Amino acid sequence: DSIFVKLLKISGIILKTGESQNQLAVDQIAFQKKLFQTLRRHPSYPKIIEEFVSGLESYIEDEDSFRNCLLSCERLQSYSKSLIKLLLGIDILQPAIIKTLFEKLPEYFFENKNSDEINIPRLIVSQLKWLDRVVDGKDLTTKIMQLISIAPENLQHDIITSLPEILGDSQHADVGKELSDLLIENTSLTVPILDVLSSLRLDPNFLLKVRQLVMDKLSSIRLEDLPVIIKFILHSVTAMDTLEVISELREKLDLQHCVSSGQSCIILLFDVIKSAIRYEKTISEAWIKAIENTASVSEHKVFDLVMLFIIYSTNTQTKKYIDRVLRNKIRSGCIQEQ
Amino acid sequence: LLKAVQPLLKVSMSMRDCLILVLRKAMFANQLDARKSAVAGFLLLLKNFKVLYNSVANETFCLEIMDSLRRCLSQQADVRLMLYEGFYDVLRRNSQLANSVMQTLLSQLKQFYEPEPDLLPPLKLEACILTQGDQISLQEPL
Amino acid sequence: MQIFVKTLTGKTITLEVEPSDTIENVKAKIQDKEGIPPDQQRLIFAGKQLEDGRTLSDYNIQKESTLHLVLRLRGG
């Protein structure tokens with residue numbers, strides 16, 4: 001009866017009641033291009049999109065029909081993306097869809113995991129992930145940051161952890177600053193912001209600043225946080241700041257005050273360090289050359305044995321250098337039985 | 001390595017849908033090599049994965065990848081330039097993508113072409129320069 | 001009974017499973033309630049990676065235990 005449901009029927013998707021996954025008569029690309037060219041050929045072309053989103057928003061006021069609109073489409077010719085996700089690929093509908101999608105989300109902050117234990121905020125933010133085009137950067141940026149501001153803790157944690165796949169290249173460093181605005185606000189939200197700043201695109205000066213803000217407070221960190229922190233530290237090293245950050249890291253790391261979750265998180269930390277030394281020689285070679293430069297003091301610790309075994313196992317071209325360093329270290333009265 | 005592998009991907013299907021997943025998740029990386037590795041993989045899959053298995057299972061499948069390639073044209077200059085140099089070989093080895101590929105270029109032209117006569121610079125060169133924080137970069141090598 | 005699964009980024013979810021349940025049942029439940037595919041999951045308990053075919057009884061998993069989830073690729 002509405003223009004929305006009728007144009008969905010013409011474009012080749014059947015809109016059902018709300019209890020099972022919605023069918024799809026044609027291919028996703030064919031449906032998208034047909035809906036696009038049918039909105040193009042209709043008169044009052046800049047104004048029909050308002051009637052479209054009005055019909056959509058009046059349809060999705062029911063929770064079950066909206067939940068079916070968030071779920072995977074049934075493919076006759078067998079699973080595909082959601083109808084919101086398919087409409088999100090079309091550029092003329094996209095900003096109004098983002099507006100209405102960000103509009104009604106604070107209604108669902110407290111009615112979480114209702115019937116079949118799906119998080120409707122998590123579903124509506126997974127409608128945003130792996131977008132091919134973002135038509136407007138700055139409006140989506142301010143909307144997502146105000147959503148992170150107003151949301152309760154665990155839901156906004158999901159919004160943070162999903163930020164690298166959402167945002168386009170024109171809006172990294174802006175969210176580079178504003179995430180650091182949230183970083184000084186709470187100590188409970190250090191680690192997803194640190195993983196996001198490890199995974200976004202940032203300029204190295206800001207990365208140096210936030211690395212210093214991590215590195216001053218390294219002793220106030222329980223072991224659970226220690227992988228995603230140290231990964232961030234081994235992917236913020238410059239070509240000139242190698243030995244300094246490696247020496248500071250090898251000084252500050254205890255691995256004893258933290259010591260069933262502990263052993264598992266230790267294995268995760270050493271996985272992280274293997275991944276960091278695998279493909280960047282500038283950290284492995286500087287770690288080996290930062291061990292023999294602490295041959296003076298006989299008080300070096302358990303870490304410098306395990307790390308020599310790790311770099312000896314992982315990297316093959318540094319085997320002879322590790323062998324020579326171990327021989328010249330053991331002949332110096334250093335590493336022994338104890 | 002992806003030139004070598006692909007006789008697996010003509011045979012296999014699970015490995016093909018593993019690769020596309022890797023490449024699509026690789027486009028959203030931060031390290032520089034990952035973007036250009038993803039475009040190299042996408043262009044190879046466009047290139048040798050049909051002439052035009054079932055043909056109906058290819059003409060949509062490249063039209064999936066092609067939509068993913070409209071991410072890369074939004075990204076930085078080197079990732080664009082690999083597409084601009086690759087599309088000619090894609091058209092040569094895969095003819096029926098032509099009606100899509102030219103459209104992918106033509107809309108890409110329309111952000112920089114001012115199609116009104118008697119305005120004397122016919123190209124928008126002030127949008128092909130990215131300036132922020134006194135860092136000046138070329139993007140979209142027109 | 002109730003166990004916990006902790007991600008790398010520190011998000012904890014609660015899983016209602018029995019020791020008769022296999023590991024791929026836990027992976028399918030994580031896929032149902034978090035959206036992460038079961039091919040991308042990699043579970044760690046007591047510094048041991050949990051294999052696919054075994055059960056919760058094979059690795060001494062009792063209630064209120066914490067597994068660790070590592071993704072094979074980033075953000076899924």
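Criteria and thresholds
Residues numbered from 1 in each chain as written, not as in the entry; some residues may be left out. Chains lettered and ligands numbered in written order. Part of a larger assembly, values for the part shown. Heavy atoms only, no water. Buried < 20%, exposed > 50% of the residue type's maximum accessible area, 1.4 Å probe, protein only. Helix = DSSP H or I, 4+ residues; strand = E, 2+ residues; numbered from the N terminus. Arc of directions from axis to C-beta. Contact = heavy atoms within 4.5 Å. Polar contact = N/O pair within 3.5 Å; in protein donor to acceptor, adjacent residues only side chain to side chain. Patch = residues over 30% accessible without salt bridge, like charges linked within 9 Å, V, L, I, M, F, W, Y side chains within 5 Å. Areas by Shrake-Rupley, 256 points an atom, 1.4 Å probe, with all protein chains shown as cover. Salt bridge = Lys/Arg side-chain N within 4 Å of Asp/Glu carboxyl O. Buried area = accessible area lost by both parts, 1.4 Å probe. Nonpolar A, V, L, I, M, F, W, Y, C, P; charged D, E, K, R; others polar. Core = buried A, V, L, I, M, F, W, Y, C linked by side-chain atoms within 4.5 Å. Axes fitted to C-alpha atoms, helices over the stretch in contact; angles between N-to-C directions. Parallel < 35°, antiparallel > 145°, perpendicular 65-115°, else oblique. Left-handed = near helix turned anticlockwise from the far one by under 90°. Pairing = 2+ DSSP bridges. Expected span 1.5 Å × (residues − 1).

Structure determination for this entry is recorded as cryo-EM, at 3.6 Å resolution.

Looking at the PDB entry, chain C carries the name Ubiquitin, with the source organism given as Homo sapiens.

Turning to helix α1 (residues 3-11) of chain A, a few remarks are in order. Residue and element names in this part refer to chain A. All of the buried residues along α1 are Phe-4, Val-5, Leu-7, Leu-8 and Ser-11. Relative to the axis of α1, the buried residues are bounded by an arc of 165° and lie together on one face. Seen from the buried face of α1, the exposed residues on the opposite side, beyond 90 degrees, are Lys-9 and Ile-10. Elements in contact with the buried residues of α1: α2 (28-41), α3 (45-59) and α5 (83-88). Here α1 starts with a cap whose side-chain oxygen sits 3.4 Å from the backbone nitrogen of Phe-4, and that cap is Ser-2.

Take a nonpolar patch on the surface next. Nonpolar side chains collect at one region of the surface, where B:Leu109, B:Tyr113, B:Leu123, B:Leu125 and B:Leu142 lie side by side and expose about 460 Å² of accessible area between them. In this fold, B:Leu142 is placed in the segment after β2 (135-138).

Turning next to the interface of chain C and chain B. Taken together, the five residues of chain C in the interface contact five residues of chain B. Summed over both sides, the interface between chain C and chain B buries roughly 390 Å², with carbon and sulfur atoms accounting for 52% of that surface. Per-residue buried area on chain C facing chain B is highest for C:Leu73, C:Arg74 and C:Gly76; these three make up 79% of the total on that side. Here chain C is connected to chain B by zero salt bridges. The interface formed by chain C and chain B holds two residue pairs in polar contact in total. Of the residues that constitute the side of chain C that touches chain B, the class distribution is one nonpolar, three polar and one charged.

Quick look at the nonpolar core now. Judged by nonpolar contacts, the single largest core of 104 residues is most densely connected at A:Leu179 and A:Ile230. Here this core gets eight residues from one element, more than from any other, and that element is helix α16 (residues 261-278) of chain A. Beyond its immediate stretch of four places on either side in the chain, A:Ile230 contacts A:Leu249, A:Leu253, A:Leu269, A:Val272 and A:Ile273. Counting residues in hydrophobic clusters, the runner-up holds 27 residues, among them B:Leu9, B:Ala38, B:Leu69 and B:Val101.

This part takes up the packing of helix α4 (residues 32-48) of chain B against helix α6 (residues 61-72) of chain B. Residues and elements named next belong to chain B. Two elements in contact, α4 and α6, have axes separated by 10 Å at closest approach and are oriented at 155°. Considered as vectors, α4 and α6 are oriented roughly antiparallel to each other. Seen from above, α4 lies across α6 with left-handed handedness. Where α4 approaches α6, its residues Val-39, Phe-42, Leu-43, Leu-45 and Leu-46 are matched on the opposing element by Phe-61, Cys-62, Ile-65, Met-66, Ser-68, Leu-69 and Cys-72. Class assignment of the residues belonging to the contact of α4 with α6 gives a composition of eleven nonpolar, one polar and no charged.

The subject of this paragraph is the side chain of A:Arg122. As for its placement among the helices and strands, A:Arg122 is situated in helix α7 (residues 120-126). Owing to a relative accessible area of 11%, A:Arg122 belongs among the buried residues under this scheme. Other than its neighbours up to four places away in sequence, A:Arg122 contacts A:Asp158, C:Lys33 and C:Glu34.

Turning our attention to the sheet that holds strand β2 (residues 72-75) of chain A. Note: strands within a sheet are paired through backbone hydrogen bonds, in either parallel or antiparallel orientation. Residue and element names in this part refer to chain A. Taken together, the three strands give an open sheet; going across it, the order is β1-β2-β3, and neighbouring strands pair in mixed fashion. Unpaired on one side and paired on the other, β1 (23-24) and β3 (79-82) mark the two borders of the sheet. With two bridges joining them, β2 and β3 adopt antiparallel strand pairing. The partner of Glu-74 across the bridge, within β3, is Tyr-79.

Okay, the pairing of strand β2 (residues 12-16) of chain C next. Residue and element names in this part refer to chain C. Of the two faces of β2, the one holding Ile-13 and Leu-15 is buried and the one holding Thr-12, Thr-14 and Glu-16 is not buried anywhere. Bridge count between strand β1 (residues 2-6) and β2: five bridges; the pairing is antiparallel. Paired with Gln-2 across the bridge in β2 is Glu-16. Hairpin connection from β1 to β2: five residues lie between these consecutive antiparallel strands, with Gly-10 at a positive phi of about 100°.

What follows is about the interface of chain C and chain A. Taken together, the contact between chain C and chain A spans 18 residues of the former and 24 residues of the latter. Note on chain C versus chain A: buried area summed over both sides is about 1700 Å², and carbon and sulfur give 54% of it. When the buried surface of chain C facing chain A is broken down by residue, C:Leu8, C:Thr9 and C:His68 rank first, second and third, together holding 32% of it. On the surface where chain C and chain A come into contact, there are four salt bridges. Connecting chain C to chain A are seven residue pairs in polar contact. Going through the elements one at a time, α1 (23-34), β3 (43-45) and β5 (66-69) of chain C are the ones with two or more residues in the side of chain C that touches chain A. Split into classes, the residues belonging to the side of chain C that touches chain A amount to five nonpolar, six polar and seven charged.

Okay, helix α8 (residues 98-110) of chain B next. All names here are of chain B. Counted at 1.5 Å a residue, the expected span for α8 with its 13 residues is 18 Å, and the 18 Å between its end C-alpha atoms agrees. All buried positions along α8 are accounted for by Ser-100, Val-101, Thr-104 and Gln-108. Mapping the buried residues of α8 onto a view down its axis gives an arc of 100°, with all of them on the same face. Projecting away from the buried face of α8 at angles above 90 degrees are the exposed residues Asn-99 and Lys-110. Those residues of α8 hidden inside the fold are in contact with α6 and α7 (77-93).

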